[PDB]
Amino acid sequence: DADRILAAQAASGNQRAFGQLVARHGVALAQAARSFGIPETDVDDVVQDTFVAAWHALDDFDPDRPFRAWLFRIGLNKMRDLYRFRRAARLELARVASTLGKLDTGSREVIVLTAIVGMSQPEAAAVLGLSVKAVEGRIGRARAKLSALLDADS
Amino acid sequence: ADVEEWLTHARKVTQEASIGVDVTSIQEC
Ligand SMILES: [Cl-]
């Protein structure tokens, strides 16, 4: 696991190792933010705030633990504060966010984590503080809701 | 609807929009 080695180095004070974690995970954090409809005026800020908090909290992180799930727990909490207030192409991006925005919050978060950033069901469950079975249930609900929405919009 | 195909599209759209992440300004902190 490349991330485990990088995280251990970052926790020991290596800002260059931390920079590599930012390079590896920053796109996926911003993707999630955009999926949640956070304004472009705020996406870069949230992503920055998430990594700055992660850096300062590395002292309380066991580097053997999965880094992405820990990082996304920080990130999602910061995103939740903002996305309630979500407002060329990208008319395409607005369409994606507005469709996902019609999902109830629980199924929106699970589908963004799994289908958009690419987390496994157990990884998403770890981020969300849910059982893996709860995640599997929410995914089913989300897919059913999306199918209807897409049927009605075509 | 083909939910899988749409999610693939959503993933691509959000990613292409998010390529310009600024590692430097994060390091500036
Ligand atoms: Cl899975």
Side-chain angles (χ1 to χ4, degrees), chain A residues 3 24-51 54 66-154, chain B residues 1-21:
Chain A
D3 279 359
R24 289 163 69 89
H25 297 291
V27 176
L29 275 169
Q31 288 185 81
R34 288 187 165 89
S35 292
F36 288 135
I38 293 169
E40 226 86 323
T41 191
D42 290 319
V43 169
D44 296 333
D45 292 336
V46 184
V47 173
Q48 181 161 14
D49 284 354
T50 296
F51 283 114
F67 176 78
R68 186 165 73 172
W70 180 78
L71 177 73
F72 268 76
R73 287 198 43 84
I74 299 162
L76 183 58
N77 276 328
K78 292 183 177 298
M79 294 177 202
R80 286 166 167 170
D81 286 338
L82 273 36
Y83 73 55
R84 160 120 137 111
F85 303 102
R86 60 186 179 280
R87 173 60 76 194
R90 295 308 193 196
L91 292 179
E92 284 216 40
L93 179 62
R95 289 197 186 83
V96 173
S98 61
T99 297
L100 291 175
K102 296 299 179 169
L103 274 51
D104 66 276
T105 302
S107 70
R108 197 183 317 141
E109 292 183 346
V110 290
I111 209 70
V112 168
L113 291 182
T114 55
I116 302 307
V117 32
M119 297 185 172
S120 69
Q121 292 183 17
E123 182 178 10
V127 170
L128 297 167
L130 300 171
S131 72
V132 182
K133 185 179 175 68
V135 165
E136 84 155 357
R138 280 170 170 89
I139 286 173
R141 179 194 186 106
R143 301 188 107 258
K145 179 83 169 178
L146 283 170
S147 185
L149 288 166
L150 301 173
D151 281 347
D153 190 21
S154 174
Chain B
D2 191 337
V3 177
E4 205 63 45
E5 183 179 76
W6 190 85
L7 286 170
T8 295
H9 165 257
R11 188 161 59 257
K12 171 188 177 181
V13 164
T14 57
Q15 167 163 318
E16 288 187 319
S18 308
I19 298 302
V21 293

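Here is the naming used below: chain letters follow the sequence lines, and residue numbers restart at 1 for every chain.
Looking at heavy atoms from C-beta onward, A:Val96 lies in side-chain contact with B:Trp6 at the 4.5 angstrom threshold. Side-chain contact between B:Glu5 and B:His9 is absent, with no heavy atoms from C-beta onward closer than 4.5 Å. When side chains are defined from C-beta on, A:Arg138 does not count as touching A:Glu109, because their heavy atoms never get closer than 4.5 Å. Considering only heavy atoms from C-beta on, A:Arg68 comes within 4.5 Å of A:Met119 through its side chain. Using a 4.5 Å cut-off on side-chain heavy atoms (C-beta onward), B:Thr14 and A:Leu93 make contact.
Shown here for A:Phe72 and A:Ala32, the closest heavy-atom pair between the two residues is CE2-CB, 4.1 Å. The two residues B:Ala1 and A:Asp151 come nearest to each other via the heavy atoms N-OD1, 2.9 Å. The minimum heavy-atom distance linking B:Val21 with A:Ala30 is given by the pair CG1-CB, 4.2 Å. Residues A:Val47 and A:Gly26 come closest through the heavy atom pair CG1-O, 4.4 Å. Heavy-atom minimum distance, A:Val117 versus A:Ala28: CG2-CB, 3.8 Å. Residue A:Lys78 comes nearest to A:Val46 through the heavy atom pair CB-CG1, 4.1 Å, listed as atom of the first residue, atom of the second, then distance.
Comment: A:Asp153 does not engage A:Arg95 in a salt bridge, judged by the lack of any side-chain N to carboxylate O separation of less than 4.0 angstrom.
Atom CG of residue B:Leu7 and atom CZ of residue A:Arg143 lie 6.0 Å apart, to the nearest 0.5 angstrom. Note that CG of A:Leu103 is 4.5 Å distant from CG of A:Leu146, once rounded to the nearest 0.5 Å. To the nearest 0.5 Å, atom CG of residue A:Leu82 and atom CG of residue A:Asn77 are 12.0 Å apart. Atom CG of residue A:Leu29 and atom CG of residue A:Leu71 lie 4.5 Å apart, to the nearest 0.5 angstrom. Atom CZ of residue A:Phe51 and atom NE2 of residue A:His25 lie 7.5 Å apart, to the nearest 0.5 angstrom. We find the CZ-CE distance between A:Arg34 and A:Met79 to be 10.5 Å, quoted to the nearest 0.5 Å.
In this structure a side-chain-to-backbone donor-acceptor pair under 3.5 Å is missing from A:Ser154 to A:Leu150. Checking side-chain atoms of B:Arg11 against main-chain N and O of A:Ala115 turns up a donor-acceptor pair under 3.5 Å. Judged by distance alone, with hydrogens and angles left aside, the side-chain atoms of A:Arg86 form a donor-acceptor pair with the main-chain N or O of A:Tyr83 at under 3.5 Å.
The number of heavy atoms from other shown groups lying within 6.0 Å of CZ (A:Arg90) is above 12.
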